[PDB]
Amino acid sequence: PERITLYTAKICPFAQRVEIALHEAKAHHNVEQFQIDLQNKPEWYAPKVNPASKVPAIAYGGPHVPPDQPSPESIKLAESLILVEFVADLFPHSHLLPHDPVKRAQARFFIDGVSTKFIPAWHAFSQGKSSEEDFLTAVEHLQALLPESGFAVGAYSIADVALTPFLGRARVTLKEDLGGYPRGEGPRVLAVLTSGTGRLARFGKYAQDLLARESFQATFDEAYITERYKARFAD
């Protein structure tokens, strides 16, 4: 494939999706990363890379240029789920996208559930807007899609990529009691989520497997995430 510049941020779970994808493709050392400070975005980012002014975004092909001076000739692509599929499409030996058409749809249907149920339900619960049961209900929906063993469609796929950055950050929010509920309520919810027992037994094992995946650990600055998350709550 042509040269890739990835515009990312350690803080952003949507961006880690693309970092995980590149790492699964064992291409993480072939691409140039540039970190965007989301509180102080470069003035060139929105007009030259992504008018939505969000990470991730990729500059694909074109001449060799400094990453803070992206070329007009590179192809600009945004949206983490789309970029994950682009990475699968560019590096087929990654096996991110299953060959079988049925298995692809099931991976993409799981992503739909990550997108329309888990993430919004996590957002609402971690901010104190909704109930614990609303969050657990959304997780049980995903659990019900899981096969008896393995990842979302057996073999690791884009489905697991979509979920993992939000799972690992939720773990941090809950382990450290940053979810807006009294002390110990956070850690109790983590155990429900990841113990491997109880109503979310199967999801708990799956969660253990997602967070052990090499690609996740290598692209997850837990110390940086945990430090930022405590400061945010402190306000």
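Numbers follow the displayed sequence, beginning with 1.
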When mean C-alpha B-factors in the record are compared for 108 to 116 and 86 to 94, the larger belongs to 86 to 94
The stretch carrying the higher mean Cα B factor in the deposited entry, 210 to 218 or 14 to 22, is 210 to 218
From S80, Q127, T137, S71, the top C-alpha temperature factor is at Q127
Residue set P66, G198, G61, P56, per-entry CA B-factor max assigned to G198
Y181: CA temperature factor from the record, placed by chain third, in the highest
Temperature factor at the Cα of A52, chain-ranked in thirds, falls in the lowest
Split the chain's modelled residues into thirds by Cα B-factor; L174 lands in the highest
Temperature factor at the Cα of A46, chain-ranked in thirds, falls in the lowest
